[PDB]
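One structure is given here, and the rest of the page talks about it.
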Amino acid sequence: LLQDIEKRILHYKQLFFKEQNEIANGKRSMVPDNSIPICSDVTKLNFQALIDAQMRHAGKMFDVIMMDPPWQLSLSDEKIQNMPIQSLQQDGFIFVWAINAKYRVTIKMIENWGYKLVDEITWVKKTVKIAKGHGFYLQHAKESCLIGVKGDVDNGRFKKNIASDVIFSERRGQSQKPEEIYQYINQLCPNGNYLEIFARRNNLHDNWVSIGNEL
Amino acid sequence: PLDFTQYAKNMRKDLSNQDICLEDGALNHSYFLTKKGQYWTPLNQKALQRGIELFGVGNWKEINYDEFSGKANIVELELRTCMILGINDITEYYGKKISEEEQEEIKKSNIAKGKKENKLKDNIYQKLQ
Ligand SMILES: Nc1ncnc2c1ncn2[C@@H]1O[C@H](CSCC[C@H](N)C(=O)O)[C@@H](O)[C@H]1O
């Protein structure tokens, strides 16, 4: 009905008129203020700039790094392996999410960058308690974060025995990782520099650098 | 004993795209409420205003090539123009090229009119049909 349609359009423009107005007035972003989004493609990215600045404003190097590589089924597998991660951090943990397809390869990847595999986080998907995945040999009801370490964590900053291997949350807009990972990272490192690569807009947090081409 | 908030700025200055953060180095929530890639920059706002002065309202196809090359949803323009003139029905002004000096007046005038009429919502005058 034209009258019905004509009617909706005016109602709709009003929202937009309102939202732009609210923004004018300072309406906040969902994003926390302390987060440091950067938009680039890593292949394109020169990590020197990131290192120079980080050393410059912290005189330090990343406590933690996180990854959800966009595995090809889509960055070349070679490209991710070849990212200059080793330069990025000197004494810290690394997290990386391995789909069951890449699980071994990922392992080889962190070891390549000089990490020692010490722990794996497991993430279950709860119906709200089960996940249906079309597993090649066994159906999958989780994916998992592989954690590697280099250097001294005997340091005060990282706290041992502060987190649980298993995580329990619902899946939102997958691929979107559980919130609680950032909490668990708080246990491990309390208020320390963190990084994240391949990052989407939703997952930005305070004190966290983030690089993705979707930011 | 680190101020994360300060740390955020200098990084955001040399690292983050111009749209993402303000000159001071604070992060501008405008960019982050809008989607993509769909951000409407101050500078191309000037371009809309400039475009109306040259080609006139409802000249979007002609206006579009000159100031936004692809460049914009035909709707985003008309919606934004409704904002420039301070009305919600832009039909009245169509095909008329309006100077920046005059867009300011029409907006100023239309709003005062809305307010006294008591039919202005969100700083835009609502128009009877
Ligand atoms: N060549 C490239 N360079 C940098 N980032 C890329 C890329 N190709 C894909 N990406 C990004 O890597 C991300 C993989 S998805 C990341 C999921 C995200 N961690 C979450 O919170 O769920 C996507 O943002 C994709 O945009």
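Residues in the structure tokens are named by chain (A, B, ... in the order shown) and by number from 1 within that chain; ligands are numbered from 1 in the order shown.
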
- [ ] Just need the residues of chain A within 6 Å of chain B, counting only C-alpha atoms, so spit them out as a ChimeraX atom specification.
- [x] /A:18,28-29,34,36,38,57

How about saving the chosen residues, N, CA and C atoms kept, as a compact mmCIF listing (two decimals), in the first residue's frame?
```txt
# COMPACT_ATOMS: atom_id res chain seq x y z
N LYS A 18 17.77 11.51 13.86
CA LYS A 18 18.09 11.49 15.28
C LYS A 18 19.47 10.96 15.60
N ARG A 28 28.44 8.03 22.50
CA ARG A 28 29.61 7.17 22.63
C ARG A 28 29.64 6.02 21.64
N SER A 29 30.84 5.53 21.33
CA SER A 29 30.94 4.32 20.55
C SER A 29 30.83 3.16 21.51
N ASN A 34 40.01 3.18 25.55
CA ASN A 34 41.42 2.87 25.61
C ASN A 34 41.96 1.95 24.52
N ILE A 36 42.96 0.59 20.74
CA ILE A 36 43.77 1.25 19.74
C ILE A 36 43.60 0.58 18.38
N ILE A 38 43.55 -0.31 14.54
CA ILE A 38 44.29 0.06 13.35
C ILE A 38 43.77 -0.72 12.16
N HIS A 57 56.33 4.60 23.25
CA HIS A 57 55.38 5.01 24.27
C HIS A 57 55.27 4.06 25.44
```

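For ligand 1, the neighbouring protein, DNA and RNA residues, which are those within 8 Å when only C-alpha atoms and all ligand atoms are counted, are residues 40, 41, 42, 43, 44, 67, 68, 69, 70, 74, 75, 174, 175, 176, 177, 197, 198, 199, 200, 201, 202, 203, 211, 212, 213, 214 and 215 of chain A.
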
Task: Residues near residue 112 (chain B), cut-off 12 Å, only C-alpha atoms, skip fewer than 4 positions along chain, as an MDAnalysis selection string - done: chainID B and resid 85:87 105:108 116:121 123:126

Open item on the list: I want to know what sits within 12 Å of residue 73 (chain B), based on only C-alpha atoms, with residues of the same chain fewer than 2 positions away left out; could you give that as a PyMOL selection string?
Closed with: chain B and resi 38-40+60-61+64+68-71+75-80

Open item on the list: One decimal, in Å: what's the spacing between CA of residue 96 (chain A) and CA of residue 138 (chain A)?
Closed with: 22.0 Å

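Using only C-alpha atoms, the residues found no farther than 12 Å from residue 147 (chain A), other than those of its own chain fewer than 4 positions away, are residues 64, 65, 66, 67, 92, 93, 94, 95, 96, 97, 98, 106, 107, 109, 110, 111, 115, 116, 117, 118, 119, 120, 121, 122, 165, 185 and 188 of chain A.
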
Now that the selection is made, can you save its residues with N, CA, C and O atoms as an mmCIF file, in the first residue's frame?
```cif
data_model
loop_
_atom_site.group_PDB
_atom_site.id
_atom_site.type_symbol
_atom_site.label_atom_id
_atom_site.label_comp_id
_atom_site.auth_asym_id
_atom_site.auth_seq_id
_atom_site.Cartn_x
_atom_site.Cartn_y
_atom_site.Cartn_z
ATOM 1 N N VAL A 64 51.116 -10.077 25.413
ATOM 2 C CA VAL A 64 50.300 -11.135 24.824
ATOM 3 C C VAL A 64 50.044 -10.798 23.372
ATOM 4 O O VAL A 64 50.112 -9.642 22.978
ATOM 5 N N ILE A 65 49.804 -11.823 22.560
ATOM 6 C CA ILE A 65 49.394 -11.662 21.172
ATOM 7 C C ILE A 65 48.243 -12.622 20.913
ATOM 8 O O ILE A 65 48.233 -13.734 21.447
ATOM 9 N N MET A 66 47.304 -12.253 20.058
ATOM 10 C CA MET A 66 46.205 -13.153 19.748
ATOM 11 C C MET A 66 45.976 -13.270 18.261
ATOM 12 O O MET A 66 46.311 -12.383 17.511
ATOM 13 N N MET A 67 45.458 -14.402 17.825
ATOM 14 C CA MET A 67 45.277 -14.615 16.411
ATOM 15 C C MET A 67 44.090 -15.490 16.127
ATOM 16 O O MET A 67 43.791 -16.403 16.869
ATOM 17 N N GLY A 92 56.965 -13.091 26.272
ATOM 18 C CA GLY A 92 55.535 -13.207 26.520
ATOM 19 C C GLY A 92 54.803 -14.417 25.985
ATOM 20 O O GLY A 92 55.392 -15.258 25.348
ATOM 21 N N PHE A 93 53.523 -14.518 26.302
ATOM 22 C CA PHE A 93 52.620 -15.486 25.698
ATOM 23 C C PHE A 93 52.072 -15.115 24.323
ATOM 24 O O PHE A 93 52.160 -13.980 23.901
ATOM 25 N N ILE A 94 51.549 -16.123 23.626
ATOM 26 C CA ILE A 94 50.844 -15.986 22.351
ATOM 27 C C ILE A 94 49.621 -16.901 22.346
ATOM 28 O O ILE A 94 49.707 -18.019 22.793
ATOM 29 N N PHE A 95 48.499 -16.435 21.818
ATOM 30 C CA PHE A 95 47.305 -17.230 21.648
ATOM 31 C C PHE A 95 46.968 -17.290 20.188
ATOM 32 O O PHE A 95 47.193 -16.333 19.463
ATOM 33 N N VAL A 96 46.387 -18.399 19.769
ATOM 34 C CA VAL A 96 46.105 -18.622 18.366
ATOM 35 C C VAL A 96 45.012 -19.652 18.245
ATOM 36 O O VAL A 96 44.957 -20.628 18.992
ATOM 37 N N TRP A 97 44.052 -19.385 17.379
ATOM 38 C CA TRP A 97 42.885 -20.224 17.347
ATOM 39 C C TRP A 97 43.028 -21.122 16.162
ATOM 40 O O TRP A 97 43.174 -20.664 15.041
ATOM 41 N N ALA A 98 42.989 -22.418 16.416
ATOM 42 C CA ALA A 98 43.215 -23.369 15.364
ATOM 43 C C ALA A 98 41.956 -24.134 15.082
ATOM 44 O O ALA A 98 41.425 -24.817 15.936
ATOM 45 N N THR A 106 49.296 -25.037 12.749
ATOM 46 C CA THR A 106 49.413 -23.969 13.735
ATOM 47 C C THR A 106 50.532 -24.219 14.728
ATOM 48 O O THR A 106 51.311 -23.313 15.037
ATOM 49 N N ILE A 107 50.574 -25.432 15.290
ATOM 50 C CA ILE A 107 51.613 -25.871 16.205
ATOM 51 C C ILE A 107 52.961 -25.590 15.606
ATOM 52 O O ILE A 107 53.813 -25.010 16.254
ATOM 53 N N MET A 109 53.694 -23.656 13.432
ATOM 54 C CA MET A 109 53.778 -22.212 13.226
ATOM 55 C C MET A 109 54.307 -21.416 14.400
ATOM 56 O O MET A 109 55.200 -20.614 14.241
ATOM 57 N N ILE A 110 53.786 -21.681 15.590
ATOM 58 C CA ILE A 110 54.247 -21.013 16.798
ATOM 59 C C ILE A 110 55.651 -21.432 17.177
ATOM 60 O O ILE A 110 56.431 -20.636 17.654
ATOM 61 N N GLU A 111 55.955 -22.703 16.979
ATOM 62 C CA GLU A 111 57.276 -23.220 17.253
ATOM 63 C C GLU A 111 58.285 -22.543 16.358
ATOM 64 O O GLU A 111 59.406 -22.295 16.758
ATOM 65 N N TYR A 115 58.118 -20.034 19.904
ATOM 66 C CA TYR A 115 57.319 -20.370 21.068
ATOM 67 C C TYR A 115 57.397 -21.823 21.524
ATOM 68 O O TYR A 115 57.745 -22.700 20.767
ATOM 69 N N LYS A 116 57.082 -22.053 22.788
ATOM 70 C CA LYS A 116 57.031 -23.377 23.360
ATOM 71 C C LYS A 116 55.594 -23.636 23.720
ATOM 72 O O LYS A 116 55.011 -22.890 24.473
ATOM 73 N N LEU A 117 55.020 -24.709 23.205
ATOM 74 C CA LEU A 117 53.615 -24.954 23.423
ATOM 75 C C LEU A 117 53.494 -25.375 24.851
ATOM 76 O O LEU A 117 54.140 -26.321 25.258
ATOM 77 N N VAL A 118 52.666 -24.691 25.623
ATOM 78 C CA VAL A 118 52.477 -25.094 27.000
ATOM 79 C C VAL A 118 51.049 -25.414 27.399
ATOM 80 O O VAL A 118 50.829 -26.199 28.310
ATOM 81 N N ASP A 119 50.078 -24.798 26.743
ATOM 82 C CA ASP A 119 48.687 -25.012 27.116
ATOM 83 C C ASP A 119 47.740 -24.840 25.947
ATOM 84 O O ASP A 119 48.066 -24.181 24.980
ATOM 85 N N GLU A 120 46.573 -25.459 26.036
ATOM 86 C CA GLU A 120 45.525 -25.278 25.051
ATOM 87 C C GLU A 120 44.229 -24.951 25.760
ATOM 88 O O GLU A 120 43.815 -25.679 26.647
ATOM 89 N N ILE A 121 43.576 -23.872 25.351
ATOM 90 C CA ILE A 121 42.262 -23.526 25.872
ATOM 91 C C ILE A 121 41.199 -24.247 25.069
ATOM 92 O O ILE A 121 41.284 -24.358 23.848
ATOM 93 N N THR A 122 40.163 -24.699 25.729
ATOM 94 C CA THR A 122 39.119 -25.351 24.975
ATOM 95 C C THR A 122 37.849 -24.526 25.086
ATOM 96 O O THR A 122 37.534 -24.018 26.156
ATOM 97 N N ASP A 165 41.696 -23.825 31.562
ATOM 98 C CA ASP A 165 41.766 -24.307 30.179
ATOM 99 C C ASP A 165 40.435 -24.283 29.449
ATOM 100 O O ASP A 165 40.365 -23.872 28.304
ATOM 101 N N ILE A 185 42.749 -13.541 29.945
ATOM 102 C CA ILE A 185 44.016 -12.844 29.774
ATOM 103 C C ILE A 185 44.299 -11.865 30.914
ATOM 104 O O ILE A 185 45.452 -11.492 31.134
ATOM 105 N N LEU A 188 46.180 -13.809 33.533
ATOM 106 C CA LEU A 188 47.541 -14.157 33.172
ATOM 107 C C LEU A 188 48.397 -12.944 33.248
ATOM 108 O O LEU A 188 49.488 -12.958 33.785
#
```

Neighbour list for residue 54 (chain B) as a PDB file with N, CA and C atoms, in the first residue's frame, cut-off 12 Å, only C-alpha atoms, skip fewer than 4 positions in-chain:
```
ATOM      1  N   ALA B  47      31.653  18.725   0.563  1.00  0.00           N
ATOM      2  CA  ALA B  47      31.481  18.470  -0.844  1.00  0.00           C
ATOM      3  C   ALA B  47      30.019  18.360  -1.193  1.00  0.00           C
ATOM      4  N   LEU B  48      29.221  17.778  -0.313  1.00  0.00           N
ATOM      5  CA  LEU B  48      27.793  17.792  -0.577  1.00  0.00           C
ATOM      6  C   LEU B  48      27.286  19.215  -0.660  1.00  0.00           C
ATOM      7  N   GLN B  49      27.567  20.003   0.382  1.00  0.00           N
ATOM      8  CA  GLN B  49      27.198  21.407   0.409  1.00  0.00           C
ATOM      9  C   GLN B  49      27.677  22.117  -0.831  1.00  0.00           C
ATOM     10  N   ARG B  50      28.928  21.925  -1.188  1.00  0.00           N
ATOM     11  CA  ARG B  50      29.393  22.491  -2.434  1.00  0.00           C
ATOM     12  C   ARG B  50      28.599  21.993  -3.620  1.00  0.00           C
ATOM     13  N   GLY B  58      18.468  17.479  -5.675  1.00  0.00           N
ATOM     14  CA  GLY B  58      17.873  16.492  -6.549  1.00  0.00           C
ATOM     15  C   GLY B  58      18.586  16.400  -7.874  1.00  0.00           C
ATOM     16  N   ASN B  59      19.857  16.752  -7.857  1.00  0.00           N
ATOM     17  CA  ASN B  59      20.693  16.661  -9.028  1.00  0.00           C
ATOM     18  C   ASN B  59      21.757  15.634  -8.800  1.00  0.00           C
ATOM     19  N   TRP B  60      21.422  14.629  -8.007  1.00  0.00           N
ATOM     20  CA  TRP B  60      22.398  13.740  -7.416  1.00  0.00           C
ATOM     21  C   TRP B  60      23.234  13.039  -8.450  1.00  0.00           C
ATOM     22  N   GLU B  62      24.006  14.070 -11.474  1.00  0.00           N
ATOM     23  CA  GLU B  62      24.969  15.074 -11.915  1.00  0.00           C
ATOM     24  C   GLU B  62      25.932  15.478 -10.794  1.00  0.00           C
ATOM     25  N   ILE B  63      25.392  15.677  -9.601  1.00  0.00           N
ATOM     26  CA  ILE B  63      26.185  16.018  -8.427  1.00  0.00           C
ATOM     27  C   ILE B  63      27.117  14.899  -8.009  1.00  0.00           C
ATOM     28  N   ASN B  64      26.663  13.671  -8.177  1.00  0.00           N
ATOM     29  CA  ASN B  64      27.444  12.553  -7.717  1.00  0.00           C
ATOM     30  C   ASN B  64      28.777  12.430  -8.424  1.00  0.00           C
ATOM     31  N   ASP B  66      30.676  14.679  -9.848  1.00  0.00           N
ATOM     32  CA  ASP B  66      31.599  15.747  -9.525  1.00  0.00           C
ATOM     33  C   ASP B  66      32.250  15.683  -8.162  1.00  0.00           C
ATOM     34  N   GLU B  67      31.479  15.393  -7.125  1.00  0.00           N
ATOM     35  CA  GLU B  67      32.023  15.527  -5.779  1.00  0.00           C
ATOM     36  C   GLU B  67      32.242  14.242  -5.006  1.00  0.00           C
ATOM     37  N   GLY B  95      15.619  20.838  -7.437  1.00  0.00           N
ATOM     38  CA  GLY B  95      15.993  21.371  -8.727  1.00  0.00           C
ATOM     39  C   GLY B  95      16.542  22.766  -8.637  1.00  0.00           C
ATOM     40  N   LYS B  96      16.662  23.248  -7.408  1.00  0.00           N
ATOM     41  CA  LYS B  96      17.096  24.599  -7.125  1.00  0.00           C
ATOM     42  C   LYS B  96      18.502  24.521  -6.628  1.00  0.00           C
ATOM     43  N   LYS B  97      19.418  25.278  -7.210  1.00  0.00           N
ATOM     44  CA  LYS B  97      20.768  25.283  -6.679  1.00  0.00           C
ATOM     45  C   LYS B  97      20.877  26.369  -5.631  1.00  0.00           C
ATOM     46  N   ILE B  98      21.329  25.984  -4.447  1.00  0.00           N
ATOM     47  CA  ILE B  98      21.334  26.855  -3.297  1.00  0.00           C
ATOM     48  C   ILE B  98      22.736  27.072  -2.784  1.00  0.00           C
ATOM     49  N   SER B  99      23.103  28.329  -2.601  1.00  0.00           N
ATOM     50  CA  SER B  99      24.422  28.692  -2.135  1.00  0.00           C
ATOM     51  C   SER B  99      24.586  28.303  -0.695  1.00  0.00           C
ATOM     52  N   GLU B 100      25.823  28.146  -0.268  1.00  0.00           N
ATOM     53  CA  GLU B 100      26.106  27.739   1.090  1.00  0.00           C
ATOM     54  C   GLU B 100      25.587  28.766   2.051  1.00  0.00           C
TER      55      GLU B 100
END
```

Open item on the list: Taking 3 positions as the minimum chain separation for residues in the same chain, which residues sit within 12 Å of residue 171 (chain A) when counting only C-alpha atoms? Answer as a ChimeraX atom specification.
Closed with: /A:123-131,141-143,167-168,174-180

Task: Secondary structure check, helix (DSSP H, G or I) residues of region 15-198 of chain A, as number ranges by chain - done: A: 15-24, 47-58, 77-81, 85-88, 103-112, 180-188

Open item on the list: Which of chain B end up as strand (DSSP E) when DSSP is run on this backbone - answer as number ranges by chain?
Closed with: B: 120-121, 124-125

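Atom pair CA of residue 61 (chain A) / CA of residue 189 (chain A): separated by 13.2 Å.
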